[PDB]
Novice: 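For reference, the structure I am asking about is given below.
When reading the values below, keep in mind they use all heavy atoms of this one structure, side chains included, and skip hydrogens, waters and symmetry mates. Here, residue 1 is the first one in the sequence, and each next residue gets the next number. Counting starts at 1 for both ligands and their atoms, in listed order.
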Amino acid sequence: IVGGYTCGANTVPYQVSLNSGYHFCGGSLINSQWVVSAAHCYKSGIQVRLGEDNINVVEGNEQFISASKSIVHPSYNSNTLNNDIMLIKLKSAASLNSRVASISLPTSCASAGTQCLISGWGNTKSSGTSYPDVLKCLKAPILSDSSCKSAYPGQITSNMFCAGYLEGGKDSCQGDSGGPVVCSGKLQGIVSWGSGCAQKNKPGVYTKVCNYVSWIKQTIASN
Ligand SMILES: NCc1csc(-c2cccs2)n1
Ligand SMILES: [Ca+2]
């Protein structure tokens, strides 16, 4: 997250870190057994780390649970990033509590102008590189479809929205991918892509979660 703020330990209780020897992506806990992330974060050998604040120090609220199964969306295209969503099932159920909690799925799509919270352990610089230990947060609005398309001609599908600041300075970045965009207590986005971070006229692009609720529910119901 570039241009954000320190969230505070365990104030984003649905935020998980995906670890394969090291943090590599975010995700969002949606029930005691299942995490939402980005399909471009797929790999084998994932350990899900819940209850994290400083991802390099054991602080006492973590739960580490290995994935039993990953399911990439049926229509994911890794060239266009269309349908950039996957589900990850945990080998055992997380203990839910005030610091490890699931986030509700949307019941309708959010509109441009809605305020949201984006969070993650990604890079905090727009030139160069610095990775934080503790979780970073950014409040950002959803941008209109039309400004998102004009920002990225030929690349925004109906399964994507933009959020952030056309002026630049405040955005998600590398290592945030797969993490949450939560608006009014609902998971409306997943950190997906952009062109650099925090550049003028290049806001972040996010997977539009409301399009996937019936796939998420039916997948959980049978897996
Ligand atoms: N600035 C939005 C965004 C989200 S993930 C991402 C990057 C991935 C790799 C380099 S940068 N950028
Ligand atoms: Ca920790």
Side-chain angles (χ1 to χ4, degrees), residues 1-4 6-13 15-19 21-28 36-43 47-65 78-81 84-86 94 99-100 116-143 147-148 151-152 155-156 160-181 188-209:
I1 303 287
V2 176
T6 295
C7 303
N10 311 296
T11 60
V12 188
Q15 172 85 57
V16 308
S17 169
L18 307 182
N19 185 106
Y22 46 84
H23 170 82
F24 66 89
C25 274
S28 298
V36 179
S37 186
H40 82 261
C41 295
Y42 172 74
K43 62 175 61 184
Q47 186 186 63
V48 178
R49 297 190 168 209
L50 312 181
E52 286 285 13
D53 189 45
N54 188 317
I55 50 169
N56 276 319
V57 179
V58 175
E59 298 178 299
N61 294 292
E62 298 91 348
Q63 295 175 44
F64 291 173
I65 300 174
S78 54
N79 289 330
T80 62
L81 302 181
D84 188 14
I85 185 171
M86 63 176 305
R99 291 179 183 250
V100 175
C116 304
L117 182 72
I118 310 179
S119 48
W121 290 271
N123 189 0
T124 60
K125 294 183 169 304
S126 56
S127 274
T129 192
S130 184
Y131 290 78
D133 56 10
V134 305
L135 184 69
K136 303 289 184 165
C137 272
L138 175 64
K139 290 184 177 182
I142 299 181
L143 299 172
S147 61
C148 189
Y152 292 103
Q155 300 154 78
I156 304 301
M160 297 170 192
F161 65 93
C162 292
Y165 296 92
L166 297 177
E167 61 268 42
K170 295 188 288 214
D171 197 2
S172 61
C173 202
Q174 198 284 317
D176 294 320
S177 282
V181 180
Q188 295 283 8
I190 299 164
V191 180
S192 183
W193 60 276
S195 168
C197 308
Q199 305 299 294
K200 183 172 170 196
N201 295 130
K202 294 296 174 173
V205 190
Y206 297 97
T207 309
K208 191 170 176 162
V209 175

Novice: To the nearest 0.5 angstrom, please state how far the CG atom of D84 sits from the OG atom of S192.
Specialist: 3.5 Å

Novice: Looking at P13, is its backbone amide N or carbonyl O close enough to the side chain of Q15 to form a donor-acceptor pair, meaning the two atoms are under 3.5 Å apart?
Specialist: no

Novice: Do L117 and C137 make a side-chain contact, defined as non-hydrogen atoms from C-beta onward lying under 4.5 Å apart?
Specialist: yes

Novice: Could you check ligand 1 for N or O atoms lying under 3.5 Å from protein N or O atoms and list the pairs with distances?
Specialist:
| residue | atom | partner | partner atom | Å |
| --- | --- | --- | --- | --- |
| ligand 1 | 1 (N) | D171 | OD1 | 3.3 |
| ligand 1 | 1 (N) | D171 | OD2 | 2.8 |
| ligand 1 | 1 (N) | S172 | O | 2.7 |
| ligand 1 | 1 (N) | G196 | O | 3.2 |

Novice: Any heavy-atom pair between the side chains of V181 and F161 that's under 4.5 Å?
Specialist: yes

Novice: So, do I55 and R49 sit near enough that their side-chain heavy atoms are less than 4.5 Å apart?
Specialist: no

Novice: Ignoring hydrogens and geometry, is there a side-chain-to-backbone donor-acceptor pair from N123 to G128 under 3.5 Å?
Specialist: yes

Novice: Under 3.0 Å from the Ca ion (ligand 2), which protein N, O or S atoms do you find? Ignore water molecules.
Specialist: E52 OE1, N54 O, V57 O, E62 OE2

Novice: State, with a plain yes or no, whether a side-chain heavy atom of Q155 is found less than 4.5 Å away from one of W193.
Specialist: yes

Novice: Could you check whether any side-chain heavy atom of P180 comes within less than 4.5 Å of a side-chain heavy atom of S119, counting everything from C-beta outward?
Specialist: yes

Novice: Look up atom CD1 in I190 and atom OG in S172, then write down how far apart they are to the nearest 0.5 Å.
Specialist: 12.5 Å

